[PDB]
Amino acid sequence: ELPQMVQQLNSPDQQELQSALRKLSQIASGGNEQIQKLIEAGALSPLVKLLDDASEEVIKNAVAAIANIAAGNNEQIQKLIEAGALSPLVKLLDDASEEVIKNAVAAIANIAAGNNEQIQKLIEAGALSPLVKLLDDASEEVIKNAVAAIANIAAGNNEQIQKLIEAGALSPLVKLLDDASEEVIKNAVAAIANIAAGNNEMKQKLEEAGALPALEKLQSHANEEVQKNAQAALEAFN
């Protein structure tokens, strides 16, 4: 069954391709068990190879599917890295299609929710600079996923945190503390709370970026969850 569907990803017949990516997309949204079947049927390489396809809609749907695989356990994120997903995902961050970028950012956020070695592979694949750029970008949905990726990276090791900072993440993150979106604010606050847990160079860099007044302002944001997160971030500075 699934082997047949995997073969169809490589079919030049466009409605059969679309159909195969359909079903696979469906399975990938099942749990980790479902993802595991896909891994074991060899779906990953052919999926990554679709990220270079002529149709932006195939790219969009192939990337959505990879985003869903990457929401699996750390063994399954590992399998994506070993399929070469990371460099094409990063290339897509300046895709001509905002919908493709949105989904490529979601995939990279998921991967960054993996372990420190998976964060590291993202860094080595050049993810940080384009992500920082997407923090200031015409589309809320792109910004939302981009801060979620930066937050996830900020949960890594102190080496990776210094890389975030050197990529210029701090002032865009401080700006996002005033975003119109509550989802955006909570991920910006999380990122900043992660960075604040690090050294005093890092705490000082945050004060420098203007984090303190921006966090204090959120103590009166309409949503109480936001106030509370903001206060817990202020408390990470001790």
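Numbers for residues come from their place in the sequence shown, where the first is 1.
For the pair 27 to 35 and 56 to 64, the record assigns the higher mean C-alpha temperature factor to 27 to 35.
On average the C-alpha atoms of 134 to 142 have higher B-factors than those of the other stretch, with 160 to 168 and 134 to 142 being the two compared. If you compare the C-alpha temperature factors of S181, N199, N187, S45 in the entry, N199 comes out highest. For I153, the recorded CA B-factor ranks within the lowest third of the chain. Only modelled residues enter the ranking. In this PDB entry, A96 carries a Cα temperature factor that places it within the highest third of its chain's modelled residues. Among the modelled residues of the chain, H221 sits in the lowest third by CA temperature factor in this PDB entry.
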